[PDB]
file protein-v9.cif (mmCIF, N, CA, C and O atoms)
data_work
#
loop_
_atom_site.label_atom_id
_atom_site.label_comp_id
_atom_site.auth_asym_id
_atom_site.auth_seq_id
_atom_site.Cartn_x
_atom_site.Cartn_y
_atom_site.Cartn_z
N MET L 25 11.71 35.95 52.47
CA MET L 25 13.11 36.12 52.08
C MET L 25 13.98 34.93 52.55
O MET L 25 14.24 34.77 53.74
N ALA L 26 14.40 34.10 51.59
CA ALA L 26 15.13 32.85 51.81
C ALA L 26 16.10 32.57 50.64
O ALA L 26 15.96 33.20 49.58
N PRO L 27 17.06 31.63 50.77
CA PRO L 27 18.04 31.28 49.73
C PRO L 27 17.46 31.07 48.32
O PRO L 27 18.05 31.53 47.35
N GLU L 28 16.29 30.44 48.19
CA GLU L 28 15.62 30.20 46.89
C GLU L 28 15.18 31.49 46.16
O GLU L 28 14.99 31.47 44.94
N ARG L 29 15.07 32.61 46.89
CA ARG L 29 14.77 33.95 46.34
C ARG L 29 16.05 34.79 46.24
O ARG L 29 16.25 35.49 45.26
N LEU L 30 16.96 34.63 47.22
CA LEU L 30 18.29 35.23 47.26
C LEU L 30 19.11 34.88 46.01
O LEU L 30 19.65 35.77 45.35
N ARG L 31 19.14 33.60 45.62
CA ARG L 31 19.82 33.09 44.42
C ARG L 31 19.39 33.84 43.15
O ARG L 31 20.25 34.33 42.42
N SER L 32 18.09 34.00 42.93
CA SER L 32 17.55 34.73 41.76
C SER L 32 17.92 36.22 41.76
O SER L 32 18.34 36.76 40.72
N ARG L 33 17.85 36.89 42.92
CA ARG L 33 18.29 38.29 43.10
C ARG L 33 19.79 38.45 42.81
O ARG L 33 20.20 39.34 42.07
N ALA L 34 20.60 37.55 43.37
CA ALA L 34 22.05 37.57 43.29
C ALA L 34 22.59 37.27 41.88
O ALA L 34 23.47 37.98 41.40
N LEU L 35 22.03 36.28 41.18
CA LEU L 35 22.37 35.98 39.79
C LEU L 35 22.06 37.19 38.89
O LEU L 35 22.88 37.58 38.06
N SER L 36 20.89 37.82 39.09
CA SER L 36 20.47 38.98 38.29
C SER L 36 21.44 40.16 38.39
O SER L 36 21.70 40.81 37.38
N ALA L 37 22.03 40.41 39.56
CA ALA L 37 23.03 41.46 39.74
C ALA L 37 24.29 41.27 38.85
O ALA L 37 24.77 42.23 38.25
N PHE L 38 24.79 40.03 38.74
CA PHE L 38 25.89 39.68 37.83
C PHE L 38 25.45 39.77 36.35
O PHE L 38 26.18 40.34 35.53
N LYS L 39 24.24 39.29 36.02
CA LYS L 39 23.67 39.36 34.65
C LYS L 39 23.48 40.80 34.14
O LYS L 39 23.77 41.06 32.97
N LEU L 40 23.09 41.74 35.00
CA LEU L 40 22.97 43.17 34.68
C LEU L 40 24.30 43.82 34.25
O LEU L 40 24.30 44.80 33.51
N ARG L 41 25.43 43.24 34.69
CA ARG L 41 26.80 43.66 34.33
C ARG L 41 27.43 42.84 33.19
O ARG L 41 28.55 43.13 32.77
N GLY L 42 26.71 41.84 32.66
CA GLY L 42 27.15 40.99 31.55
C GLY L 42 27.90 39.71 31.97
O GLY L 42 28.33 38.94 31.10
N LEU L 43 28.08 39.49 33.27
CA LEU L 43 28.70 38.29 33.83
C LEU L 43 27.68 37.15 34.00
O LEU L 43 26.46 37.33 33.94
N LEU L 44 28.21 35.96 34.26
CA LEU L 44 27.52 34.72 34.61
C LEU L 44 28.23 34.15 35.86
O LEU L 44 29.38 34.48 36.12
N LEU L 45 27.55 33.30 36.62
CA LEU L 45 28.06 32.81 37.90
C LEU L 45 27.82 31.30 38.08
O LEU L 45 26.69 30.82 37.98
N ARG L 46 28.90 30.57 38.37
CA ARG L 46 28.91 29.12 38.65
C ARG L 46 28.00 28.70 39.81
O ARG L 46 27.77 29.49 40.73
N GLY L 47 27.58 27.44 39.83
CA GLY L 47 26.73 26.87 40.89
C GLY L 47 27.41 26.78 42.27
O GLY L 47 26.76 26.97 43.30
N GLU L 48 28.72 26.54 42.31
CA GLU L 48 29.49 26.60 43.57
C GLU L 48 29.70 28.04 44.05
O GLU L 48 29.80 28.29 45.26
N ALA L 49 29.73 29.01 43.13
CA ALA L 49 29.95 30.43 43.41
C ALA L 49 28.67 31.14 43.89
O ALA L 49 28.72 31.89 44.86
N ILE L 50 27.52 30.87 43.25
CA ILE L 50 26.21 31.39 43.67
C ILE L 50 25.90 30.95 45.10
O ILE L 50 25.53 31.78 45.94
N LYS L 51 26.13 29.67 45.43
CA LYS L 51 25.99 29.09 46.77
C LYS L 51 26.90 29.78 47.80
O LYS L 51 26.43 30.14 48.88
N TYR L 52 28.16 30.04 47.44
CA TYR L 52 29.12 30.71 48.32
C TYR L 52 28.62 32.10 48.75
O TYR L 52 28.52 32.36 49.95
N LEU L 53 28.26 32.97 47.80
CA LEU L 53 27.74 34.30 48.15
C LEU L 53 26.31 34.27 48.70
O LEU L 53 25.95 35.14 49.49
N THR L 54 25.51 33.25 48.38
CA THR L 54 24.16 33.05 48.95
C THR L 54 24.27 32.81 50.46
O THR L 54 23.48 33.36 51.23
N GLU L 55 25.26 32.03 50.92
CA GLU L 55 25.53 31.83 52.35
C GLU L 55 26.17 33.07 53.01
O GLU L 55 25.82 33.40 54.15
N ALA L 56 27.04 33.79 52.30
CA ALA L 56 27.68 35.03 52.78
C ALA L 56 26.69 36.22 52.94
O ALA L 56 26.93 37.11 53.76
N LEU L 57 25.59 36.22 52.18
CA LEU L 57 24.55 37.27 52.15
C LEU L 57 23.21 36.80 52.77
O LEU L 57 22.22 37.53 52.72
N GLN L 58 23.18 35.61 53.38
CA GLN L 58 21.98 34.95 53.93
C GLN L 58 21.13 35.82 54.88
O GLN L 58 19.91 35.66 54.93
N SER L 59 21.76 36.75 55.60
CA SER L 59 21.12 37.61 56.62
C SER L 59 21.16 39.11 56.27
O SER L 59 20.77 39.94 57.10
N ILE L 60 21.63 39.47 55.07
CA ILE L 60 21.61 40.86 54.57
C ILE L 60 20.17 41.30 54.26
O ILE L 60 19.34 40.52 53.77
N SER L 61 19.89 42.58 54.54
CA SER L 61 18.61 43.26 54.27
C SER L 61 18.16 43.13 52.81
O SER L 61 18.92 43.44 51.89
N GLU L 62 16.91 42.71 52.57
CA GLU L 62 16.37 42.43 51.22
C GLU L 62 16.44 43.60 50.23
O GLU L 62 16.63 43.39 49.03
N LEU L 63 16.30 44.85 50.71
CA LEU L 63 16.39 46.08 49.91
C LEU L 63 17.82 46.63 49.76
O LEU L 63 18.04 47.60 49.04
N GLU L 64 18.79 46.00 50.43
CA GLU L 64 20.23 46.35 50.41
C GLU L 64 21.09 45.25 49.76
O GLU L 64 22.29 45.46 49.53
N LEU L 65 20.50 44.09 49.43
CA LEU L 65 21.17 42.92 48.86
C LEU L 65 21.88 43.26 47.54
O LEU L 65 23.02 42.84 47.33
N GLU L 66 21.24 44.05 46.68
CA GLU L 66 21.82 44.49 45.41
C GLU L 66 23.00 45.45 45.61
O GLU L 66 24.06 45.27 45.01
N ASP L 67 22.85 46.45 46.49
CA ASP L 67 23.91 47.43 46.82
C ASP L 67 25.13 46.79 47.51
O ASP L 67 26.27 47.18 47.26
N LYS L 68 24.89 45.76 48.34
CA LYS L 68 25.93 44.97 49.00
C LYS L 68 26.72 44.11 48.02
O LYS L 68 27.95 44.20 47.96
N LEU L 69 26.03 43.30 47.22
CA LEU L 69 26.61 42.42 46.20
C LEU L 69 27.37 43.23 45.12
O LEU L 69 28.36 42.76 44.57
N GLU L 70 26.99 44.48 44.91
CA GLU L 70 27.68 45.38 43.97
C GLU L 70 29.14 45.64 44.38
O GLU L 70 29.99 45.86 43.51
N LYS L 71 29.47 45.55 45.68
CA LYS L 71 30.85 45.66 46.18
C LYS L 71 31.69 44.43 45.82
O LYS L 71 32.90 44.54 45.62
N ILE L 72 31.05 43.25 45.70
CA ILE L 72 31.68 42.00 45.23
C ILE L 72 31.99 42.17 43.74
O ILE L 72 33.14 42.01 43.33
N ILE L 73 31.01 42.59 42.94
CA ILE L 73 31.19 42.83 41.49
C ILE L 73 32.31 43.86 41.22
O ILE L 73 33.17 43.61 40.38
N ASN L 74 32.37 44.96 41.98
CA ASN L 74 33.46 45.94 41.88
C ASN L 74 34.86 45.36 42.19
O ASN L 74 35.86 45.89 41.69
N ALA L 75 34.95 44.28 42.97
CA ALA L 75 36.21 43.58 43.23
C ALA L 75 36.53 42.57 42.11
O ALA L 75 37.67 42.52 41.63
N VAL L 76 35.53 41.84 41.61
CA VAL L 76 35.66 40.94 40.45
C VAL L 76 36.18 41.69 39.21
O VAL L 76 37.07 41.21 38.51
N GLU L 77 35.70 42.92 39.00
CA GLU L 77 36.13 43.83 37.92
C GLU L 77 37.61 44.29 37.98
O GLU L 77 38.10 44.90 37.02
N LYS L 78 38.35 43.97 39.06
CA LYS L 78 39.80 44.24 39.21
C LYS L 78 40.63 42.99 39.57
O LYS L 78 41.82 43.11 39.89
N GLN L 79 40.04 41.80 39.48
CA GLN L 79 40.70 40.50 39.68
C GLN L 79 41.07 39.83 38.33
O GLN L 79 40.41 40.10 37.31
N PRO L 80 42.09 38.96 38.29
CA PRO L 80 42.50 38.26 37.07
C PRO L 80 41.47 37.19 36.66
O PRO L 80 41.11 36.31 37.45
N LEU L 81 41.00 37.27 35.41
CA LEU L 81 40.05 36.35 34.77
C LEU L 81 40.17 36.35 33.24
O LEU L 81 40.83 37.23 32.66
N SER L 82 39.54 35.38 32.58
CA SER L 82 39.63 35.15 31.12
C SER L 82 38.28 34.78 30.45
O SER L 82 38.24 34.43 29.27
N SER L 83 37.18 34.87 31.20
CA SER L 83 35.80 34.57 30.77
C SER L 83 34.79 35.38 31.60
O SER L 83 35.10 35.83 32.70
N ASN L 84 33.56 35.56 31.09
CA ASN L 84 32.48 36.21 31.85
C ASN L 84 31.85 35.26 32.89
O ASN L 84 31.00 35.69 33.67
N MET L 85 32.26 33.99 32.92
CA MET L 85 31.85 33.00 33.92
C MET L 85 32.69 33.12 35.19
O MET L 85 33.86 32.71 35.23
N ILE L 86 32.11 33.70 36.23
CA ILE L 86 32.70 33.87 37.56
C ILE L 86 32.58 32.56 38.36
O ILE L 86 31.57 31.85 38.27
N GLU L 87 33.61 32.24 39.15
CA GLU L 87 33.74 30.98 39.91
C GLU L 87 33.98 31.20 41.41
O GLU L 87 34.34 32.30 41.83
N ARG L 88 33.83 30.15 42.23
CA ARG L 88 33.98 30.25 43.70
C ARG L 88 35.32 30.86 44.10
O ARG L 88 35.34 31.75 44.93
N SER L 89 36.42 30.42 43.49
CA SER L 89 37.77 30.95 43.77
C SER L 89 37.88 32.47 43.56
O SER L 89 38.58 33.16 44.30
N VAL L 90 37.14 33.00 42.57
CA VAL L 90 37.05 34.45 42.31
C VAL L 90 36.19 35.15 43.38
O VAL L 90 36.62 36.16 43.94
N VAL L 91 35.02 34.61 43.71
CA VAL L 91 34.09 35.17 44.72
C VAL L 91 34.68 35.14 46.14
O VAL L 91 34.54 36.10 46.89
N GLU L 92 35.40 34.07 46.50
CA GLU L 92 36.05 33.86 47.80
C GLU L 92 37.09 34.94 48.14
O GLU L 92 37.39 35.18 49.32
N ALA L 93 37.61 35.63 47.12
CA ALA L 93 38.50 36.79 47.22
C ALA L 93 37.77 38.13 47.00
O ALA L 93 38.11 39.13 47.64
N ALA L 94 36.74 38.17 46.15
CA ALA L 94 35.90 39.36 45.92
C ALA L 94 35.04 39.75 47.14
O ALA L 94 34.87 40.94 47.42
N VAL L 95 34.54 38.77 47.90
CA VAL L 95 33.78 39.01 49.14
C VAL L 95 34.59 39.77 50.20
O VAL L 95 34.02 40.56 50.95
N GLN L 96 35.92 39.60 50.21
CA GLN L 96 36.83 40.21 51.19
C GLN L 96 36.83 41.75 51.10
O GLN L 96 36.95 42.43 52.12
N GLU L 97 36.65 42.30 49.89
CA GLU L 97 36.50 43.74 49.65
C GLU L 97 35.08 44.25 49.99
O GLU L 97 34.92 45.38 50.44
N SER L 98 34.06 43.41 49.80
CA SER L 98 32.66 43.72 50.14
C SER L 98 32.34 43.72 51.64
O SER L 98 31.35 44.32 52.06
N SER L 99 33.16 43.01 52.44
CA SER L 99 32.99 42.76 53.88
C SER L 99 32.82 44.04 54.71
O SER L 99 31.74 44.20 55.33
#
call {"tool": "encode", "arguments": {"input": "protein-v9.cif", "output": "structure tokens"}}
result
Amino acid sequence: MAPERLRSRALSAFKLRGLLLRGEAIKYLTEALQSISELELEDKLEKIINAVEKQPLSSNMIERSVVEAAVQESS
């Protein structure tokens, strides 16, 4: 369990909801979730997605500025 596997797990959680995630944004939450339990990573990141779903946006492409505020509700 390392960032190179975390990235694939984390991108898939946004893809399952119909979103896409920027390279600066995937890195941001990859560092924020670096030590989270491998079987809880999806349930944890789902709290970020639930915050993105109530933030102002205009595309399915999520960005670092959106995640940097969505993580605050997941904390």
call {"tool": "residues_around", "arguments": {"input": "protein-v9.cif", "residues": "residue L:71", "least_positions_apart": "6", "cutoff": "8 Å", "atoms": "all atoms listed in the file", "output": "MDAnalysis selection string"}}
result
chainID L and resid 65 77 93:99
call {"tool": "write_last_selection", "arguments": {"input": "protein-v9.cif", "atoms": "N, CA, C and O atoms", "output": "PDB file, keeping the file's coordinate frame"}}
result
ATOM      1  N   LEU L  65      20.500  44.090  49.430  1.00  0.00           N
ATOM      2  CA  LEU L  65      21.170  42.920  48.860  1.00  0.00           C
ATOM      3  C   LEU L  65      21.880  43.260  47.540  1.00  0.00           C
ATOM      4  O   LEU L  65      23.020  42.840  47.330  1.00  0.00           O
ATOM      5  N   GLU L  77      35.700  42.920  39.000  1.00  0.00           N
ATOM      6  CA  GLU L  77      36.130  43.830  37.920  1.00  0.00           C
ATOM      7  C   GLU L  77      37.610  44.290  37.980  1.00  0.00           C
ATOM      8  O   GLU L  77      38.100  44.900  37.020  1.00  0.00           O
ATOM      9  N   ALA L  93      37.610  35.630  47.120  1.00  0.00           N
ATOM     10  CA  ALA L  93      38.500  36.790  47.220  1.00  0.00           C
ATOM     11  C   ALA L  93      37.770  38.130  47.000  1.00  0.00           C
ATOM     12  O   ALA L  93      38.110  39.130  47.640  1.00  0.00           O
ATOM     13  N   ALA L  94      36.740  38.170  46.150  1.00  0.00           N
ATOM     14  CA  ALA L  94      35.900  39.360  45.920  1.00  0.00           C
ATOM     15  C   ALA L  94      35.040  39.750  47.140  1.00  0.00           C
ATOM     16  O   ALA L  94      34.870  40.940  47.420  1.00  0.00           O
ATOM     17  N   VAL L  95      34.540  38.770  47.900  1.00  0.00           N
ATOM     18  CA  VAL L  95      33.780  39.010  49.140  1.00  0.00           C
ATOM     19  C   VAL L  95      34.590  39.770  50.200  1.00  0.00           C
ATOM     20  O   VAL L  95      34.020  40.560  50.950  1.00  0.00           O
ATOM     21  N   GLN L  96      35.920  39.600  50.210  1.00  0.00           N
ATOM     22  CA  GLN L  96      36.830  40.210  51.190  1.00  0.00           C
ATOM     23  C   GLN L  96      36.830  41.750  51.100  1.00  0.00           C
ATOM     24  O   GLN L  96      36.950  42.430  52.120  1.00  0.00           O
ATOM     25  N   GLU L  97      36.650  42.300  49.890  1.00  0.00           N
ATOM     26  CA  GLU L  97      36.500  43.740  49.650  1.00  0.00           C
ATOM     27  C   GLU L  97      35.080  44.250  49.990  1.00  0.00           C
ATOM     28  O   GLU L  97      34.920  45.380  50.440  1.00  0.00           O
ATOM     29  N   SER L  98      34.060  43.410  49.800  1.00  0.00           N
ATOM     30  CA  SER L  98      32.660  43.720  50.140  1.00  0.00           C
ATOM     31  C   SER L  98      32.340  43.720  51.640  1.00  0.00           C
ATOM     32  O   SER L  98      31.350  44.320  52.060  1.00  0.00           O
ATOM     33  N   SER L  99      33.160  43.010  52.440  1.00  0.00           N
ATOM     34  CA  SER L  99      32.990  42.760  53.880  1.00  0.00           C
ATOM     35  C   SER L  99      32.820  44.040  54.710  1.00  0.00           C
ATOM     36  O   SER L  99      31.740  44.200  55.330  1.00  0.00           O
TER      37      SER L  99
END
call {"tool": "select_by_dssp", "arguments": {"input": "protein-v9.cif", "residues": "chain L", "states": "helix (DSSP H, G or I)", "output": "VMD selection string"}}
result
chain L and resid 27 to 39 47 to 56 65 to 76 88 to 98
call {"tool": "closest_residue", "arguments": {"input": "protein-v9.cif", "among": "L:68, L:33, L:46, L:39", "to": "residue L:90", "atoms": "only C-alpha atoms"}}
result
L:46
call {"tool": "atom_distance", "arguments": {"input": "protein-v9.cif", "atom1": "atom CA of residue L:75", "atom2": "atom CA of residue L:91"}}
result
8.8 Å
call {"tool": "residues_near_point", "arguments": {"input": "protein-v9.cif", "point": "(26.6, 36.0, 44.4)", "cutoff": "6 Å", "atoms": "only N, CA, C and O atoms", "output": "list in words"}}
result
residues 34, 35, 49, 50, 53 and 54 of chain L
call {"tool": "closest_residue", "arguments": {"input": "protein-v9.cif", "among": "L:80, L:92, L:45, L:30", "to": "residue L:59", "atoms": "only C-alpha atoms"}}
result
L:30
call {"tool": "atom_distance", "arguments": {"input": "protein-v9.cif", "atom1": "atom O of residue L:36", "atom2": "atom N of residue L:57"}}
result
16.0 Å
call {"tool": "residues_around", "arguments": {"input": "protein-v9.cif", "residues": "residue L:47", "least_positions_apart": "4", "cutoff": "8 Å", "atoms": "only N, CA, C and O atoms", "output": "number ranges by chain"}}
result
L: 51-53, 86-88
call {"tool": "closest_residue", "arguments": {"input": "protein-v9.cif", "among": "L:89, L:84, L:61, L:79", "to": "residue L:42", "atoms": "all atoms listed in the file"}}
result
L:84
call {"tool": "closest_residue", "arguments": {"input": "protein-v9.cif", "among": "L:43, L:66, L:55, L:74", "to": "residue L:28", "atoms": "only C-alpha atoms"}}
result
L:55
call {"tool": "select_by_dssp", "arguments": {"input": "protein-v9.cif", "residues": "chain L", "states": "strand (DSSP E or B)", "output": "NGL selection string"}}
result
:L and (44-45 or 85-86)
call {"tool": "atom_distance", "arguments": {"input": "protein-v9.cif", "atom1": "atom CA of residue L:82", "atom2": "atom C of residue L:31"}}
result
23.6 Å
call {"tool": "decode", "arguments": {"input": "protein-v9.cif", "residues": "stretch 58-88 of chain L", "atoms": "N, CA and C atoms", "output": "mmCIF file, in the first residue's frame"}}
result
data_model
loop_
_atom_site.group_PDB
_atom_site.id
_atom_site.type_symbol
_atom_site.label_atom_id
_atom_site.label_comp_id
_atom_site.auth_asym_id
_atom_site.auth_seq_id
_atom_site.Cartn_x
_atom_site.Cartn_y
_atom_site.Cartn_z
ATOM 1 N N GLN L 58 -2.481 9.466 2.745
ATOM 2 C CA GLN L 58 -1.262 8.641 2.683
ATOM 3 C C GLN L 58 -1.162 7.535 3.757
ATOM 4 N N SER L 59 -1.755 7.759 4.936
ATOM 5 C CA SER L 59 -1.690 6.850 6.098
ATOM 6 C C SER L 59 -3.059 6.281 6.511
ATOM 7 N N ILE L 60 -4.119 6.542 5.734
ATOM 8 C CA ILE L 60 -5.460 5.964 5.946
ATOM 9 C C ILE L 60 -5.460 4.462 5.621
ATOM 10 N N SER L 61 -6.221 3.701 6.413
ATOM 11 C CA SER L 61 -6.446 2.257 6.266
ATOM 12 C C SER L 61 -6.924 1.866 4.859
ATOM 13 N N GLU L 62 -6.280 0.877 4.229
ATOM 14 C CA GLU L 62 -6.549 0.467 2.835
ATOM 15 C C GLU L 62 -7.997 0.040 2.540
ATOM 16 N N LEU L 63 -8.683 -0.564 3.519
ATOM 17 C CA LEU L 63 -10.085 -0.993 3.422
ATOM 18 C C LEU L 63 -11.100 0.102 3.819
ATOM 19 N N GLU L 64 -10.613 1.256 4.279
ATOM 20 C CA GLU L 64 -11.402 2.432 4.691
ATOM 21 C C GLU L 64 -11.173 3.651 3.770
ATOM 22 N N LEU L 65 -10.219 3.560 2.833
ATOM 23 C CA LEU L 65 -9.819 4.625 1.911
ATOM 24 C C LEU L 65 -10.998 5.123 1.068
ATOM 25 N N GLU L 66 -11.833 4.201 0.583
ATOM 26 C CA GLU L 66 -13.024 4.528 -0.207
ATOM 27 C C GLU L 66 -14.096 5.235 0.640
ATOM 28 N N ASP L 67 -14.385 4.724 1.844
ATOM 29 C CA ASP L 67 -15.363 5.307 2.778
ATOM 30 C C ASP L 67 -14.940 6.695 3.300
ATOM 31 N N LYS L 68 -13.632 6.906 3.489
ATOM 32 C CA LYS L 68 -13.035 8.185 3.884
ATOM 33 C C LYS L 68 -13.133 9.235 2.777
ATOM 34 N N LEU L 69 -12.651 8.903 1.577
ATOM 35 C CA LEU L 69 -12.688 9.765 0.389
ATOM 36 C C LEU L 69 -14.130 10.118 -0.020
ATOM 37 N N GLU L 70 -15.093 9.267 0.320
ATOM 38 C CA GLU L 70 -16.518 9.525 0.060
ATOM 39 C C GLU L 70 -17.032 10.772 0.804
ATOM 40 N N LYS L 71 -16.418 11.136 1.941
ATOM 41 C CA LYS L 71 -16.740 12.364 2.679
ATOM 42 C C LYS L 71 -16.241 13.619 1.945
ATOM 43 N N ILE L 72 -15.153 13.496 1.174
ATOM 44 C CA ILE L 72 -14.626 14.561 0.298
ATOM 45 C C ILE L 72 -15.623 14.754 -0.850
ATOM 46 N N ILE L 73 -16.015 13.667 -1.526
ATOM 47 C CA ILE L 73 -16.998 13.706 -2.628
ATOM 48 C C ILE L 73 -18.334 14.322 -2.172
ATOM 49 N N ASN L 74 -18.844 13.958 -0.988
ATOM 50 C CA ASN L 74 -20.054 14.567 -0.411
ATOM 51 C C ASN L 74 -19.932 16.086 -0.159
ATOM 52 N N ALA L 75 -18.716 16.616 0.026
ATOM 53 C CA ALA L 75 -18.477 18.056 0.149
ATOM 54 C C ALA L 75 -18.363 18.726 -1.232
ATOM 55 N N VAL L 76 -17.685 18.083 -2.193
ATOM 56 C CA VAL L 76 -17.606 18.545 -3.594
ATOM 57 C C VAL L 76 -19.010 18.698 -4.209
ATOM 58 N N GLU L 77 -19.917 17.761 -3.906
ATOM 59 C CA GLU L 77 -21.331 17.774 -4.325
ATOM 60 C C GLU L 77 -22.181 18.954 -3.785
ATOM 61 N N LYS L 78 -21.647 19.781 -2.871
ATOM 62 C CA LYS L 78 -22.288 21.005 -2.342
ATOM 63 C C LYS L 78 -21.421 22.273 -2.471
ATOM 64 N N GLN L 79 -20.315 22.201 -3.216
ATOM 65 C CA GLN L 79 -19.428 23.329 -3.535
ATOM 66 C C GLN L 79 -19.713 23.901 -4.943
ATOM 67 N N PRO L 80 -19.399 25.189 -5.199
ATOM 68 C CA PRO L 80 -19.608 25.816 -6.504
ATOM 69 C C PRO L 80 -18.613 25.285 -7.554
ATOM 70 N N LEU L 81 -19.146 24.800 -8.683
ATOM 71 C CA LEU L 81 -18.403 24.279 -9.840
ATOM 72 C C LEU L 81 -19.229 24.359 -11.140
ATOM 73 N N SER L 82 -18.572 24.154 -12.287
ATOM 74 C CA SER L 82 -19.157 24.297 -13.638
ATOM 75 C C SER L 82 -18.732 23.193 -14.631
ATOM 76 N N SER L 83 -18.037 22.159 -14.145
ATOM 77 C CA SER L 83 -17.534 21.006 -14.915
ATOM 78 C C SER L 83 -17.396 19.771 -14.009
ATOM 79 N N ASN L 84 -17.356 18.564 -14.589
ATOM 80 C CA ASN L 84 -17.109 17.332 -13.833
ATOM 81 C C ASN L 84 -15.612 17.148 -13.490
ATOM 82 N N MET L 85 -14.739 18.029 -13.991
ATOM 83 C CA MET L 85 -13.312 18.064 -13.674
ATOM 84 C C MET L 85 -13.064 18.820 -12.364
ATOM 85 N N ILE L 86 -12.789 18.070 -11.300
ATOM 86 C CA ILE L 86 -12.455 18.580 -9.966
ATOM 87 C C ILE L 86 -10.976 19.004 -9.913
ATOM 88 N N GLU L 87 -10.682 20.087 -9.189
ATOM 89 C CA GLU L 87 -9.357 20.722 -9.103
ATOM 90 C C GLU L 87 -8.860 20.892 -7.661
ATOM 91 N N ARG L 88 -7.564 21.188 -7.475
ATOM 92 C CA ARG L 88 -6.954 21.305 -6.134
ATOM 93 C C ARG L 88 -7.700 22.309 -5.255
#
